[PDB]
């Protein structure tokens, strides 16, 4: 079929998990300024219609709130283009650029009033990414972990609103709490003797693996590609995602790769 993905309300679309059986194909474009006189670059996510037309979905840009520089993800390009701190998603990274968490626009647990703290309105964690650190002797492709909220019987996300440090996605992951989360990982690339490099297979095309070219899958079924991200030009990348991911999660995961410890060349 074709399935002309229905995009009406951008906030709703951004949070909508991709229907099983339908792949949502997008493209991420890097700003209009970029490496200049400071200012961080702005990334744009557009739906790539199979008719040749594009549809703006989200925009992301790094910002320096107080000390750390998180990415604000908004469905309002204009606002973000300036001091517009309006957002639907926020990407937070550790100092090393090895751990990332994506939140919605709810209230931070650590600053919540007693009235809010009753549970509700509290910030949700939509995804977390960990770029595995080198051990010392282990030989092989680096590991990328992606943690997302579990899905319920109706195939909808089971809202994760951490009330404390032990309820975050990264904590549930490290503690093995697999009840309300889904642990995903990058698909292991395979050494190709002709290219003399580790490769991945994007729709039949040999693709050199890197932080700029990867696929996310569930460890139990390597054939089902949850997310496929690849560089097609200097500042242009293709991004396709499938259930259980929504655009905000996929986009955030992609933004993390730009801000990761890796990505240096």
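Numbering follows the first chain given and starts at 1.
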property: Which of 152-160 and 183-191 has higher mean CA B factor, as the PDB entry lists it; result: 152-160
property: Selected stretch [higher average CA B-factor]: 225-233 or 64-72; result: 64-72
property: Candidate residues 168, 98, 174, 81, the one whose C-alpha B factor the record puts highest; result: 81
property: Criterion, highest CA B-factor; candidates, 106, 137, 109, 89; result: 137
property: Within-chain third of residue 113 by Cα B-factor, per the entry; result: middle
property: Chain thirds of CA B-factor: placement of residue 205; result: middle
property: Third assignment of residue 218 from its chain's C-alpha B-factors; result: middle
property: Chain thirds of CA B-factor: placement of residue 145; result: lowest
property: Cα B factor band for residue 39 (lowest, middle or highest third within the chain); result: highest
